[PDB]
Each structure stands twice: as C-alpha cells, then as structure tokens.
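In the block that follows, a single chain appears as structure tokens, in the form deposited in one PDB entry.
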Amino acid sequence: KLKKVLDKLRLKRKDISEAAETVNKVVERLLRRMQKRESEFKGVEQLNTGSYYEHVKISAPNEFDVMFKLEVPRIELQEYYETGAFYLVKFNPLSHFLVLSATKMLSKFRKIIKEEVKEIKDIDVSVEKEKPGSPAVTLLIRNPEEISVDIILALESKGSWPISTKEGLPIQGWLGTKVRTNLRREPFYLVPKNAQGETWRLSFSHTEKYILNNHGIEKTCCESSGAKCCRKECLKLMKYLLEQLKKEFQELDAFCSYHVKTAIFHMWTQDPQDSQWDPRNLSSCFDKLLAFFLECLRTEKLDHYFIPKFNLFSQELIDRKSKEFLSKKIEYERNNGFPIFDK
C-alpha cells in the first residue's frame, strides 16, 4: 500500500550514478574557480546539504543543494529586530562588500559563477534567473534529464551559537545531551536570504544532515547490526503528499518541504523511541505525522526546530486561507486512501 508508494518514490542507482557524475563535474569546477582565482571567496569550502545527501530525496535525483561555506574572522551579529533567524553581520578580503551586505556579496558570488558556467562546454548548464530574497545560485543542468543545483553562499562562524537558539534543538530525551552539546560546538552558518538587503539567515543544514543520519535513540537504528525504523520513510511519504498537492494547487505556493522536515523533527522529539517508528507500524506512524502537521496548521504554529521563537506558520508568513486550504486537502487524502499517491 504505502510500501508500493515508496517503491515508486525510490531512486534508481543508474539515475543516481549519471546525475551525480555530472553535478560533481560542475560543482568541482565552480569550487576550483572560487580559490584558484584571486577572488574574495578564496578558502571557500564545500558542504553538501539537503534531501539527496540525507537520503530522503524522492522520485528522481534531480535536485542537489551545496553550501560554499566561508570561514570569517571574529564576527559580530545583531538580531534583525526579534525575528530569531535573521541578523546583520559586522566586524582583509571582504572589505568591498561593506555592515556586511548579503546582496552585494551574493551578487559578486553570482557574477563569478555565471562567468564560470559560460566557459563550460562539456555539459548543458545555464544559470536560472534570480529569485529575489533567495540565497541560492541555481543551475539548470540537462543530461537528457532536468537537474537543478542550488549553490548556497554561507558564512561560517566558530563562535557559540546565537542566543535565539539557546532553547532550540530539544534533542535531550531523544539523541541526548552529549550529542546536543557536541552539535552546538560545531560552527553555525549564515546564508544571504533577505527579509533587508543586508540581512542574513541562520542555517543548520549541517546539523539537520547529522540528525537525519543519526536519528535513533539507539545507536544501531538503521545500521547493519541494528533494527530498521521507518522515520525516513515517513518523511518521504509526507514530502510526496506535499509535492503532489503543491503541483496541483497553486494555493499551496507558500508551503515547502522544509515545513514538513521541521514538523517531523518535532515528531521525532515527541516520539523518541525507535519502537514508536517500527516498519510494521508505517501506516499509523505516517498517520500520526499527518495528525501533527494538521495541528500545526490549525493552531497556525510550526516553530523552527533550532530557533523556537521563529514560527514558520505565523500569519505574517502564510495566510489562514492557505493553511485551511491545505488542512482540507490533507484531511481529504487521509480519509479517502490517498488517491493522489496513485498519480
């Protein structure tokens, strides 16, 4: 039933092989260009993020997310009002992006990438028209197949995480206090998503990657000498429900995969035991996930998992209309055996 759906959603090794071989060619070349040429981004380092690298990518290997992270000296943050997620950066190579302007820096980053792509004749690859606000430089590759790659500029700070995250990452009952303390000793990242043009947003893609690949209360969850859980499978099913709904109804344009990822982090925290995510109980697990996501919509509350004061479902970010709309559509699919899965 849902096994049958996950089978459809499963990526093929051949497709993975071909898609990766190309994406890596391009990314390696873009990365080479940032240092081996005397740009402001010399020393920038690669960090693969998102669904493909978490092993929760569904349908096809056609969307890849990569951080080009840049370690910066002693940095001063100032929270953009009380948003929790957005900051101004303050205090050498970067002088010419001065307060460090996100858009000015992103523009140069973008300009370089556009130049390097022009010089690529191996592969059919253009640079997508800029979406204002967005921190990505998006590449549209065509093998025969359409593949998109988000190159995300990132500042890496080695200081302790900003105050807004102090109560974030409530993994203590699930992954534990040692894991949490160690995770919060990793750097934090700022990406140039706006709000305006000088605002950066916190990024925990590196932390989310760790969590995805170390998601059990037991150290052996999903390992060769351990028991398989269905945590990732539920994430996939939920992602697919949204993807399918999103491509049918334009009313759902305000919703994205990060909403679902956030909700399931909360579910995993609420239901820490690996036994509460037994493969045999895939149906009820998926169901309790839907129920939870519906409560978030109804209460208009979905807190950033790392930044509790940042509500992704705040009125200011998404209309009541949009939420009620998605509620009805989810409720419908739920109470009619998920017809949309059959497409």
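C-alpha atoms forming the largest set that superposes within 1.5 Å between two forms make up the rigid core. For every residue, the number given is its place in the sequence shown, counted from 1.
Absent from the display: the form deposited in another entry. The rest refers to it.
A.B. asks: Using the rigid core as the fixed frame, list which single one of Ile147, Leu169, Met267, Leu242 shifts its Cα by at least 2 angstroms between this form and the one not shown.
C.D. replies: Single hit from the list, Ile147.
A.B. asks: Rigid core fitted, is the C-alpha displacement of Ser134 between this form and the one not shown 2 Å or more?
C.D. replies: Yes; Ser134 is a residue whose C-alpha shifts (by 2 Å or more) between this form and the one not shown when the cores are overlaid.
A.B. asks: Is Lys118 displaced by at least 2 Å at its C-alpha between this form and the one not shown when the rigid core is overlaid?
C.D. replies: Yes.
A.B. asks: Rigid core fitted, is the C-alpha displacement of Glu331 between this form and the one not shown 2 Å or more?
C.D. replies: Superposed on the core, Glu331 moves its C-alpha less than 2 Å between this form and the one not shown.
A.B. asks: Just say closer or farther for the C-alpha distance from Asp7 to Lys57 in the other form, relative to the shown form; it changes by 3 Å or more.
C.D. replies: Their C-alpha distance grows by at least 3 Å in the other form.
A.B. asks: Having a change of 3 Å or more in the C-alpha distance between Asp7 and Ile147, I'd like to know whether it is closer or farther in the other form than in the form here.
C.D. replies: Result: farther.
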